[PDB]
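Asker: How does the following fold in three dimensions:
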Amino acid sequence: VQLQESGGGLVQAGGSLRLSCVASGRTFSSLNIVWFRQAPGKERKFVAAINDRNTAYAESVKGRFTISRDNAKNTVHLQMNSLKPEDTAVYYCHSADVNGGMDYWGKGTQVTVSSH
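Answerer: Residues are numbered from 1 along each chain as shown. Structure data below:
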């Protein structure tokens, strides 16, 4: 199936958005969630991951983005602060267990950052 995403939008540079990735099931705490993004004309690239409670960030977003999880609500959040036009992309979340099973994708949600 597919994961559910929300929180995208169009925002002035320097603004913030918070994306959500929501999964169904009873196994959410066992899932590792990864965010990817694709800017127009470019390839899909790693953004951030939460592996149990461990967090990892691409060099381009470290410090500005924070990934977190609320296992009680089956949700991972990506808080994006200090947004730049180069953060404009479709953002996708991906789930899996430790071996690479239980692997699902979200459809993608748009994040657009205008310059001043």
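Asker: Return the distance of the residue nearest to residue 4 when sequence neighbours are not counted relative to residue 3.
Answerer: Excluding the flanking residues, the one nearest residue 4 by CB to CB, 6 or more residues apart in numbering is residue 22, at 4.3 Å. Just so you know, the C-beta spots here come from the backbone N, C-alpha and C atoms, and that holds for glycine as well. Shown here: residue 22 relative to residue 3, a distance of 7 Å by CB to CB, to the nearest Å.
Asker: Name the residue in the two with the higher neighbour count.
Answerer: Counted by other CB atoms under 10 Å, residue 22 and residue 3 do not tie: residue 3 has more neighbours, with 21 against 17.
Asker: Now do that one against residue 77, distance only.
Answerer: 13 Å.
Asker: what touches both of the two?
Answerer: Common contacts of residue 3 and residue 77, defined by CB atoms under 8 Å, 6 or more residues apart in numbering, comprise residue 21.
Asker: List the buried residues for stretch 103-116?
Answerer: For stretch 103-116, a neighbour-count test (16 or more other CB atoms under 10 Å) marks 104, 106, 108, 109, 111, 113 as buried.
Asker: what's the neighbour count on residue 4?
Answerer: Residue 4: 16 neighbours (other CB under 10 Å).
Asker: would you say it is within a strand?
Answerer: Yes: counting by DSSP: H, G, I helix; E, B strand; the rest coil, one finds residue 4 located in a strand.
Asker: For the helix or strand where residue 91 lies, which strands pair with it and how are they oriented?
Answerer: Taking DSSP states H and E as the definition, residue 91 sits inside strand 89-96. When pairing is defined by DSSP bridges, strand 89-96 lines up against strand 32-38 (antiparallel), strand 104-106 (antiparallel), strand 109-114 (antiparallel).
Asker: Dump those into a markdown table; add distance to residue 98 as well.
Answerer: Output for the strands paired with strand 89-96, formatted as a markdown table (distance: least, CB to CB, whole Å):
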| stretch | distance to residue 98 |
| --- | --- |
| strand 32-38 | 7 |
| strand 104-106 | 15 |
| strand 109-114 | 26 |
